[PDB]
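Have a look below at one chain only, the form solved without ligand 5GP, in structure tokens format.
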């Protein structure tokens, strides 16, 4: 019995909504392909209950899913079964505005309306790109995009596959941007930190192994730049096994994880992917040079 009990009412509307739309979809046949209208489509539902079902949900809310057919197909191409998606959002409240499902499998980012319009500007070319690389990419994997309205105010969310493992605790994080400026991390933010370009540079961390990652990444960033996208960051995460199976993951679940070489001094397993692709040609080149210097 999916009681939608959450940390705050918009989370329970989210759980209700993802549940509702995913069931709805279970009743819609998967087509032999997607169509232009599928990229201009949306689901909208409005709930006014009165003295009924109020114990955990609101009595008045709205839920809109953008291009449900396209995002369900994306879900299939990324290897996510729909009822696993549904279970991870609905079994227990998402946690911590940026959220993870209770099982650390997916992240739910609160997003500006400009970003929703950017998603619509790109989505056909993004889908064909997922098609052409058979999902082997490092761009964020978009699994749904929703708009919740509750108590009056609208909120936009983009669900995506987590860059990090849902199992192995990540021990250090770096948001590399390739800046010609010097994006360092704040003393305030230093006191698990988030290190940017200058600090992975003046830290001495290297990543050891092999090279087909460079093929995947360069394809991704040539694509993003060929679409006037900027401000994206490559996110890197180190898990030192030694802290205390260890360095044990399922490469079909953590599709971004990667094992160290015997070279590596510490016992490390890495996770890496591109993030924040919703908003310049020089950006791609500088970004790629800085990400080049990183391997051993």
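Positions refer to the first chain, counted from 1.
The same protein also exists as the form deposited with ligand 5GP bound; that form is not shown, yet it is the one meant from here on.
Contact annotation: ligand 5GP lies within 4.5 Å of heavy atoms from the stretch 34-42 in the deposited complex, the single such stretch among 53-61, 34-42, 261-269, 246-254. When contacts are judged by a 4.5 Å heavy atom cut-off, residue 77 does not count as touching ligand 5GP in the deposited complex.
Residue 200 falls outside the set of residues with a heavy atom inside 4.5 Å of ligand 5GP in the deposited complex. Among heavy atoms of residue 92, none comes within 4.5 Å of ligand 5GP in the deposited complex. Among heavy atoms of residue 128, none comes within 4.5 Å of ligand 5GP in the deposited complex. Looking at ligand 5GP in the deposited complex, residues 66, 120 and 154 each place a heavy atom within 4.5 Å of it. Checking 83, 226, 113, 169 for any heavy atom within 4.5 Å of ligand 5GP in the deposited complex turns up a single hit: 113.
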